[PDB]
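All remarks here apply to the structure that follows.
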Amino acid sequence: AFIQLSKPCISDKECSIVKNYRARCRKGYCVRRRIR
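Numbering (PDB author numbering), first residue to last: 1 to 36.
Listed below in structure tokens is the structure:
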């Protein structure tokens, strides 16, 4: 096991289709959501 402190992801600005991707990023927390 590699005991490590988890770190957040890129900002919502970057988590948008600007980068062709689509994820929900809030306060650094990164979750790939569904519409339904």
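Ideal placement from N, C-alpha and C gives every residue a C-beta, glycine not left out.
Min CB distance residue i to chain D below 8 Å
i	result
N20	This model lacks chain D altogether, as it is built from one protein chain only.
Same chain, Cβ closer than 6 Å to residue i, five either side skipped, listed in chain order
i	result
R32	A23
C15	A23 and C25
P8	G28
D12	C25
Residues sharing a beta bridge with residue i, DSSP
i	result
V31	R24
Nearest-angstrom Cα separation, counted from residue j out to residue i
i	j	result
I3	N20	32 Å
Which of helix, strand or coil DSSP assigns to residue i
i	result
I17	helix
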